[PDB]
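Undergrad: Supplied in structure tokens, the structure appears directly below.
Since every read-out is calculated from the coordinates, none of them should be taken as a lab result. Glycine gets a Cβ as well: all are built from the backbone with ideal geometry, and neighbour counts include every protein chain shown.
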Amino acid sequence: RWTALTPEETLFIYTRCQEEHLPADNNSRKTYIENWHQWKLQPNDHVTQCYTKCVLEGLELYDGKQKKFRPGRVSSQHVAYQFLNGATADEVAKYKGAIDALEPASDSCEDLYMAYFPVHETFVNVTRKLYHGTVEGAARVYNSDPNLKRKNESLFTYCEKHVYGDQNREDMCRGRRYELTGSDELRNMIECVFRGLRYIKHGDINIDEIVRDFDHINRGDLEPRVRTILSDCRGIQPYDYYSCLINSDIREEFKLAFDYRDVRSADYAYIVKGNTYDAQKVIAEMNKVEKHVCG
Ligand SMILES: CCCCC[C@H](O)/C=C/[C@@H]1[C@@H](C/C=C\CCCC(=O)O)[C@H]2CO[C@@H]1C2
Ligand SMILES: NCCc1c[nH]c2ccc(O)cc12
């Protein structure tokens with residue numbers, strides 16, 4: 001059974017797709033951000049088309065494996081949040097039917113846009129209700145469910161408060177200083193963090209995601225070294241890959257990467273809004289939190 005997406009998940013999708021497809025220029029990027037924020041799939045060009053493909057696949061309305069829309073997932077998305085939604089039976093019926101009629105002829109950006117575009121023009125507001133595409137609807141859901149990570153909340157402090165609670169402050173302090181204490185709480189902590197960073201999904205590690213956090217610190221040159229390590233790690237548990245990285249010649253680079261990613265986890269739109277990498281600010285922020293934790 002397919003599981004509906006949380007507002008954390010869809011916000012991850014939206015921000016990641018914008019990161020991947022917004023142009024690096026300035027005059028160009030502003031148009032795209034302004035339009036996409038209003039859910040306007042304009043202007044119609046390769047940038048917008050591939051952004052559309054990326055969102056459609058992150059929301060998982062389009063299946064890359066089966067290479068086809070899976071319309072039943074619409075229904076799923078709705079039932080999971082059918083009261084907080086604001087969506088009606090008729091709206092979801094028609095949206096599901098329209099998506100059921102789509103056979104895009106291929107899976108390129110251009111063809112998927114050409115297929116789905118009239119559906120989006122017609123049912124954009126249904127899509128925004130179902131997939132938490134408004135600040136009000138997402139806020140309603142967050143408020144209904146205390147187990148979801150919030151917008152401005154760090155993945156790491158979230159996972160800490162779920163895994164350690166108010167117990168083992170000493171082990172949590174050592175863990176936040178990158179100690180391999182080997183305790184059960186630290187293992188669950190690293191699993192929680194890897195799941196939320198998408199370093200691991202459905203049990204399989206995601207080497208491209210770690211590599212990308214290495215690129216984000218201007219250490220792309222380490223990508224091969226980051227692959228060897230992860231491809232040679234014999235375990236399958238997050239703590240295994242974590243320890244492989246910490247007990248390596250790229251330990252300190254890994255900490256720089258991890259800390260930047262923590263900072264960017266407390267605000268999914270960090271790169272969209274235009275923030276850049278600043279090792280000093282990153283570590284200053286980390287030092288404030290760690291001095292509080294180890295207080
Ligand atoms: C099928 C294609 C749909 C196009 C995608 C659409 O262009 C989405 C844009 C995202 C939006 C989602 C809106 C609200 C979600 C809640 C955001 C919040 O918690 O502040 C904003 C957050 O990333 C961007 C801007
Ligand atoms: N800023 C890095 C936070 C971090 C990295 N590894 C950790 C392990 C435990 C913990 O509580 C926190 C952490």
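Undergrad: Name the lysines eligible as straight-distance cross-link partners of residue 53: C-alpha to C-alpha under 19 Å, and not fewer than 8 places from it in the same chain.
TA: Output for residue 53: 40, 65, 67, 68, 96.
Undergrad: In cubic angstrom, how much convex hull volume per residue do the alpha carbon atoms of segment 150-295 span? Could you put the intermediate results ahead of the total?
TA: Numbers: hull volume 16.3 nm³, N = 146.
In segment 150-295, the Cα hull volume divided by residue count equals 111 Å³.
Undergrad: Using Cα centres only, tell me the gap between segment 89-146 and segment 44-66 in whole Å.
TA: Rounded to whole Å, the Cα centres lie 12 Å apart.
Undergrad: Fully extended, how many nm does the chain gain between residue 143 and residue 101 (0.36 nm per residue separation, minus their Cα-Cα distance)?
TA: Numbers: separation 42, 0.36 × 42 = 15.12 nm, distance 3.53 nm.
Using 0.36 nm per residue and subtracting the Cα-Cα distance, I get 11.6 nm.
Undergrad: Normalised by the residues of segment 150-295, what does the relative contact order come to in percent, with Cα pairs under 8 Å and at least six apart? Numbers along the way, then the final one.
TA: Working: 126 pairs, mean separation 43.8, N = 146.
Averaging sequence separation for qualifying contacts and normalising by length gives 30 percent for segment 150-295.
Undergrad: For residue 35, put the label point 7 Å out on the Cα→Cβ axis and report which residues of segment 94-120 keep their amide N under 18 Å from it.
TA: 109-120
Undergrad: Let me ask something else about it. Quick check: net charge around residue 72, other residues with Cβ under 12 Å of its Cβ, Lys/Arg +1 and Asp/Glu -1? Write down the numbers at each step before the final one.
TA: Working: positive: 1, 68, 70, 73, 96; negative: 60, 63, 100.
So the surrounding residues net to +2.
Undergrad: Once label points are set 7 Å from the Cα along Cα→Cβ at both residue 150 and residue 75, what is their separation, rounded to one decimal in nm?
TA: 3.6 nm
Undergrad: Tell me the volume per residue, in Å³, of the convex hull enclosing the alpha carbons of segment 233-295. Could you put the intermediate results ahead of the total?
TA: Values: hull volume 7.5 nm³, N = 63.
Spelled out: Cα convex hull of segment 233-295, divided by residues, is 120 Å³.
Undergrad: So, one more: Could you list which residues have their amide H under 5 Å from that of residue 63, counting only those 5 or more apart in sequence or on another chain, with H placed in the peptide plane?
TA: 68, 69, 70
Undergrad: Note down the nm distance, to one decimal, between modelled labels 7 Å out along Cα→Cβ at residue 208 and at residue 188.
TA: Each label point lies 7 Å from its Cα, and together they span 3.2 nm.
Undergrad: What is the distance, in nm, between label points placed 7 Å from the Cα along the Cα-to-Cβ direction at residue 93 and at residue 44?
TA: Spacing of the two 7 Å Cα→Cβ label points: 3.1 nm.
Undergrad: Shape of segment 1-149 from its Cα gyration tensor (a ≥ b ≥ c, root eigenvalues): rounded if a/c is under 1.5, otherwise prolate when a/b > b/c, or oblate? Please report the intermediate quantities before stating the final value.
TA: Values: a/c = 1.75, a/b = 1.21, b/c = 1.44.
Oblate is the answer for segment 1-149, as a/c is 1.5 or above yet b/c matches or exceeds a/b.
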